[PDB]
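Have a look at work_15.json; it's JSON, C-alpha atoms:
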[["chain", "number", "residue", "atom", "x", "y", "z"],
["Y", 1, "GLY", "CA", 0.00, 0.00, 0.00],
["Y", 2, "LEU", "CA", 1.07, 3.60, -0.58],
["Y", 3, "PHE", "CA", -0.35, 4.79, 2.73],
["Y", 4, "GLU", "CA", -0.26, 3.69, 6.29],
["Y", 5, "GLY", "CA", -3.18, 5.45, 7.88],
["Y", 6, "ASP", "CA", -3.33, 8.95, 6.58],
["Y", 7, "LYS", "CA", 0.27, 9.72, 5.64],
["Y", 8, "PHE", "CA", 2.18, 8.69, 2.52],
["Y", 9, "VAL", "CA", 4.63, 5.88, 3.09],
["Y", 10, "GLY", "CA", 5.50, 4.39, -0.29],
["Y", 11, "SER", "CA", 8.94, 3.64, -1.64],
["Y", 12, "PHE", "CA", 9.91, 5.36, -4.85],
["Y", 13, "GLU", "CA", 9.25, 2.11, -6.69],
["Y", 14, "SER", "CA", 5.78, 1.32, -5.41],
["Y", 15, "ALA", "CA", 4.90, 4.99, -5.66],
["Y", 16, "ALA", "CA", 6.07, 5.19, -9.22],
["Y", 17, "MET", "CA", 3.28, 2.74, -10.17],
["Y", 18, "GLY", "CA", 0.56, 4.04, -7.84],
["Y", 19, "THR", "CA", -1.64, 7.08, -7.37],
["Y", 20, "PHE", "CA", -0.79, 9.74, -4.79],
["Y", 21, "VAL", "CA", -0.46, 13.50, -4.43],
["Y", 22, "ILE", "CA", 2.97, 15.01, -4.55],
["Y", 23, "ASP", "CA", 3.00, 17.58, -1.80],
["Y", 24, "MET", "CA", 5.63, 18.74, 0.62],
["Y", 25, "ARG", "CA", 5.11, 15.76, 2.87],
["Y", 26, "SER", "CA", 5.28, 13.00, 0.28],
["Y", 27, "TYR", "CA", 8.10, 14.80, -1.43],
["Y", 28, "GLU", "CA", 9.93, 15.02, 1.88],
["Y", 29, "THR", "CA", 9.41, 11.32, 2.40],
["Y", 30, "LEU", "CA", 10.65, 10.21, -1.01],
["Y", 31, "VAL", "CA", 13.63, 12.49, -1.30],
["Y", 32, "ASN", "CA", 14.76, 11.28, 2.08],
["Y", 33, "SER", "CA", 14.54, 7.64, 1.14],
["Y", 34, "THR", "CA", 15.81, 7.49, -2.41],
["Y", 35, "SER", "CA", 17.33, 10.30, -2.39],
["Y", 36, "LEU", "CA", 17.69, 13.28, -4.60],
["Y", 37, "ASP", "CA", 20.47, 11.77, -6.69],
["Y", 38, "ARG", "CA", 18.68, 8.66, -7.88],
["Y", 39, "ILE", "CA", 15.60, 10.78, -8.44],
["Y", 40, "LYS", "CA", 17.51, 13.21, -10.60],
["Y", 41, "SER", "CA", 18.90, 10.33, -12.65],
["Y", 42, "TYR", "CA", 15.48, 8.74, -13.12],
["Y", 43, "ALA", "CA", 14.19, 12.19, -14.10],
["Y", 44, "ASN", "CA", 16.89, 12.36, -16.77],
["Y", 45, "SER", "CA", 15.59, 9.37, -18.73],
["Y", 46, "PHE", "CA", 12.24, 11.18, -19.07],
["Y", 47, "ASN", "CA", 12.57, 12.13, -22.74],
["Y", 48, "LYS", "CA", 13.68, 8.60, -23.43],
["Y", 49, "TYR", "CA", 10.20, 7.67, -22.11],
["Y", 50, "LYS", "CA", 7.94, 10.74, -22.44],
["Y", 51, "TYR", "CA", 6.69, 9.16, -25.67],
["Y", 52, "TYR", "CA", 8.50, 5.86, -25.49],
["Y", 53, "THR", "CA", 7.26, 4.05, -28.52],
["Y", 54, "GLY", "CA", 8.22, 0.50, -29.50],
["Y", 55, "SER", "CA", 8.75, -2.77, -27.66],
["Y", 56, "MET", "CA", 9.80, -2.88, -24.04],
["Y", 57, "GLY", "CA", 12.20, -5.37, -22.95],
["Y", 58, "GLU", "CA", 11.80, -6.43, -19.41],
["Y", 59, "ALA", "CA", 12.92, -3.83, -17.60],
["Y", 60, "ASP", "CA", 11.46, -0.91, -19.59],
["Y", 61, "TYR", "CA", 7.96, -0.81, -18.22],
["Y", 62, "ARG", "CA", 9.40, -0.12, -14.78],
["Y", 63, "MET", "CA", 11.83, 2.50, -16.11],
["Y", 64, "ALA", "CA", 9.06, 4.25, -17.89],
["Y", 65, "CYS", "CA", 7.22, 4.67, -14.59],
["Y", 66, "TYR", "CA", 10.32, 5.47, -12.61],
["Y", 67, "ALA", "CA", 11.11, 8.08, -15.23],
["Y", 68, "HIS", "CA", 7.72, 9.76, -15.00],
["Y", 69, "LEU", "CA", 7.57, 9.78, -11.22],
["Y", 70, "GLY", "CA", 11.12, 11.13, -11.39],
["Y", 71, "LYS", "CA", 10.19, 14.14, -13.48],
["Y", 72, "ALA", "CA", 7.06, 14.87, -11.46],
["Y", 73, "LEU", "CA", 9.13, 15.06, -8.30],
["Y", 74, "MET", "CA", 11.69, 17.28, -9.99],
["Y", 75, "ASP", "CA", 8.94, 19.63, -11.21],
["Y", 76, "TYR", "CA", 7.51, 19.82, -7.75],
["Y", 77, "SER", "CA", 10.88, 20.68, -6.32],
["Y", 78, "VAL", "CA", 11.12, 23.60, -8.69],
["Y", 79, "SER", "CA", 7.61, 24.99, -8.31],
["Y", 80, "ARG", "CA", 6.15, 23.86, -5.05],
["Y", 81, "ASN", "CA", 2.73, 22.98, -6.46],
["Y", 82, "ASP", "CA", 0.90, 20.10, -4.93],
["Y", 83, "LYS", "CA", 0.02, 17.80, -7.82],
["Y", 84, "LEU", "CA", -1.56, 14.41, -8.29],
["Y", 85, "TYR", "CA", 0.70, 11.60, -9.47],
["Y", 86, "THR", "CA", -0.56, 8.67, -11.58],
["Y", 87, "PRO", "CA", 1.49, 6.23, -13.60],
["Y", 88, "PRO", "CA", 1.78, 6.87, -17.37],
["Y", 89, "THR", "CA", -0.51, 5.08, -19.80],
["Y", 90, "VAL", "CA", 1.10, 1.96, -21.25],
["Y", 91, "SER", "CA", -1.08, 0.91, -24.14],
["Y", 92, "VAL", "CA", -0.91, -1.34, -27.20],
["P", 1, "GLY", "CA", 21.51, -11.80, -24.06],
["P", 2, "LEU", "CA", 19.70, -14.79, -25.51],
["P", 3, "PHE", "CA", 22.86, -16.30, -26.93],
["P", 4, "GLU", "CA", 25.87, -18.41, -25.95],
["P", 5, "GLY", "CA", 28.15, -17.31, -28.73],
["P", 6, "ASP", "CA", 26.30, -17.93, -31.92],
["P", 7, "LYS", "CA", 23.41, -20.18, -30.87],
["P", 8, "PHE", "CA", 20.12, -19.27, -29.18],
["P", 9, "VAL", "CA", 19.97, -20.08, -25.50],
["P", 10, "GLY", "CA", 17.21, -18.07, -23.86],
["P", 11, "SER", "CA", 14.43, -19.37, -21.68],
["P", 12, "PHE", "CA", 10.88, -18.82, -22.82],
["P", 13, "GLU", "CA", 10.58, -15.89, -20.44],
["P", 14, "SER", "CA", 13.69, -13.94, -21.36],
["P", 15, "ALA", "CA", 13.06, -14.73, -24.99],
["P", 16, "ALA", "CA", 9.48, -13.52, -24.80],
["P", 17, "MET", "CA", 10.86, -10.01, -24.06],
["P", 18, "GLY", "CA", 13.83, -10.11, -26.42],
["P", 19, "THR", "CA", 14.63, -10.11, -30.09],
["P", 20, "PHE", "CA", 15.57, -13.31, -31.90],
["P", 21, "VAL", "CA", 14.70, -15.29, -35.01],
["P", 22, "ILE", "CA", 12.37, -18.24, -34.67],
["P", 23, "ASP", "CA", 13.93, -20.96, -36.75],
["P", 24, "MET", "CA", 14.17, -24.69, -36.35],
["P", 25, "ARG", "CA", 17.04, -24.36, -33.89],
["P", 26, "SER", "CA", 15.59, -21.84, -31.49],
["P", 27, "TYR", "CA", 12.21, -23.52, -31.81],
["P", 28, "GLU", "CA", 13.83, -26.85, -30.95],
["P", 29, "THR", "CA", 15.48, -25.23, -27.95],
["P", 30, "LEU", "CA", 12.37, -23.60, -26.52],
["P", 31, "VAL", "CA", 10.00, -26.47, -27.12],
["P", 32, "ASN", "CA", 12.40, -28.72, -25.31],
["P", 33, "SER", "CA", 12.65, -26.51, -22.29],
["P", 34, "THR", "CA", 9.14, -25.18, -21.74],
["P", 35, "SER", "CA", 7.62, -27.37, -23.44],
["P", 36, "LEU", "CA", 4.88, -27.62, -25.94],
["P", 37, "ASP", "CA", 2.10, -27.67, -23.37],
["P", 38, "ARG", "CA", 2.90, -24.44, -21.60],
["P", 39, "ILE", "CA", 3.56, -22.85, -24.98],
["P", 40, "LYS", "CA", 0.16, -23.90, -26.29],
["P", 41, "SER", "CA", -1.48, -22.47, -23.19],
["P", 42, "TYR", "CA", 0.38, -19.15, -23.49],
["P", 43, "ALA", "CA", -0.59, -19.13, -27.15],
["P", 44, "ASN", "CA", -4.28, -19.47, -26.15],
["P", 45, "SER", "CA", -4.35, -16.16, -24.25],
["P", 46, "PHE", "CA", -3.24, -14.40, -27.48],
["P", 47, "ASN", "CA", -6.44, -12.81, -28.77],
["P", 48, "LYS", "CA", -7.17, -11.38, -25.36],
["P", 49, "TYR", "CA", -3.78, -9.66, -25.52],
["P", 50, "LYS", "CA", -4.15, -8.36, -29.12],
["P", 51, "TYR", "CA", -7.05, -5.96, -28.60],
["P", 52, "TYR", "CA", -6.33, -5.07, -24.98],
["P", 53, "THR", "CA", -8.19, -2.40, -23.01],
["P", 54, "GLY", "CA", -5.37, 0.19, -23.30],
["P", 55, "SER", "CA", -3.09, -0.12, -20.28],
["P", 56, "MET", "CA", -2.33, -2.77, -19.10],
["P", 57, "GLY", "CA", -0.10, -2.97, -16.02],
["P", 58, "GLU", "CA", 3.38, -4.40, -15.62],
["P", 59, "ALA", "CA", 2.21, -7.49, -15.16],
["P", 60, "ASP", "CA", -0.32, -7.46, -18.00],
["P", 61, "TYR", "CA", 2.47, -6.61, -20.38],
["P", 62, "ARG", "CA", 4.62, -9.49, -19.23],
["P", 63, "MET", "CA", 1.71, -11.77, -20.09],
["P", 64, "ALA", "CA", 1.11, -10.06, -23.41],
["P", 65, "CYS", "CA", 4.71, -10.94, -24.08],
["P", 66, "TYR", "CA", 4.41, -14.56, -23.12],
["P", 67, "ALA", "CA", 1.22, -14.66, -25.14],
["P", 68, "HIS", "CA", 2.91, -13.04, -28.11],
["P", 69, "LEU", "CA", 5.92, -15.32, -28.14],
["P", 70, "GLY", "CA", 3.52, -18.21, -27.59],
["P", 71, "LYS", "CA", 1.61, -17.57, -30.80],
["P", 72, "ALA", "CA", 4.73, -16.91, -32.86],
["P", 73, "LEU", "CA", 6.05, -20.30, -31.84],
["P", 74, "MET", "CA", 2.76, -22.00, -32.64],
["P", 75, "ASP", "CA", 2.68, -20.36, -36.08],
["P", 76, "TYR", "CA", 6.18, -21.50, -36.78],
["P", 77, "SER", "CA", 5.30, -25.03, -35.82],
["P", 78, "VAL", "CA", 2.51, -25.00, -38.36],
["P", 79, "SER", "CA", 4.35, -23.42, -41.25],
["P", 80, "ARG", "CA", 8.03, -23.84, -40.81],
["P", 81, "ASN", "CA", 8.98, -20.30, -41.81],
["P", 82, "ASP", "CA", 11.93, -18.73, -40.09],
["P", 83, "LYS", "CA", 10.66, -15.47, -38.67],
["P", 84, "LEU", "CA", 11.97, -12.69, -36.47],
["P", 85, "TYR", "CA", 10.47, -12.33, -33.03],
["P", 86, "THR", "CA", 10.25, -9.02, -31.17],
["P", 87, "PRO", "CA", 8.12, -8.21, -28.15],
["P", 88, "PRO", "CA", 4.74, -6.44, -28.78],
["P", 89, "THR", "CA", 4.63, -2.68, -29.53],
["P", 90, "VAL", "CA", 3.52, -0.16, -26.94],
["P", 91, "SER", "CA", 2.73, 3.47, -26.43],
["P", 92, "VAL", "CA", 3.61, 5.27, -23.28],
["P", 93, "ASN", "CA", 1.75, 8.38, -22.34],
["P", 94, "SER", "CA", 1.76, 10.76, -19.41],
["P", 95, "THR", "CA", -1.19, 11.72, -17.23],
["P", 96, "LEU", "CA", -0.49, 15.16, -15.88]]

As structure tokens, what does this structure read like?
Amino acid sequence: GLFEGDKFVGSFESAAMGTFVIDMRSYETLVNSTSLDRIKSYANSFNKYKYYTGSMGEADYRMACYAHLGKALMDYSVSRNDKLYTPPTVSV
Amino acid sequence: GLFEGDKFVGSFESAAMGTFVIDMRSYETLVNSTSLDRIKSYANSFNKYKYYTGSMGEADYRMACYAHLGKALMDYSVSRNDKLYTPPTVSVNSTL
């Protein structure tokens, strides 16, 4: 689960695939358990996955998600706007 | 990654996600390590996984892969035409 009671508790990995609001408290939680360096890296691969088109091998589904959560967190850090996170659409 | 040297060596699972040519040698390999019964089953879930309801979790994709490789193998068994296998095509889109 992403929550335990009323506060966000997910890892970056679970989170990346779930639905939750990025606010100062969830952000605080993630950054402090991942932290900022991995997140930045994940964020980097965002263009690589913003419109990822083609076959995924293993592996890639996960990275897509990690990449999107990554960017979302980086955007939040820049402009402190609470915003809802949901995983990207992966369709055939 | 599906290859000792020059010959195919992948499991059904790795293979299902990778790129390789289905020919009599890779077919022989897979059938003899999976075998024909699981493959047939996987093959059966194919139509489901052709016109899927968009996304389609992690999960779902893995299966679509197994299903996809499954059918390819069954087709090859029927008509022995060497054919390239690649995992199924996807689109990834954001969601605000």

* Find the spatial neighbours of residue 36 (chain Y), counting all atoms listed in the file, within a cut-off of 10 Å - ignore same-chain residues fewer than 4 positions away - and output them as a ChimeraX atom specification. => /Y:30-32,40-42,70,73-74

* Distance CA of residue 9 (chain Y)-CA of residue 86 (chain Y), one decimal place? -> 15.8 Å

* **Residue list for chain Y near chain P as a PyMOL selection string, 12 Å, only C-alpha atoms** => chain Y and resi 14+16-19+21-22+46-65+67-69+71-72+75+83-92

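Note that the spacing between CA of residue 45 (chain P) and CA of residue 1 (chain P) amounts to 26.2 Å.
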
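Distances here use only C-alpha atoms; by that measure, the residue among Y:13, Y:45, Y:3, Y:27 closest to residue 77 (chain Y) is Y:27.
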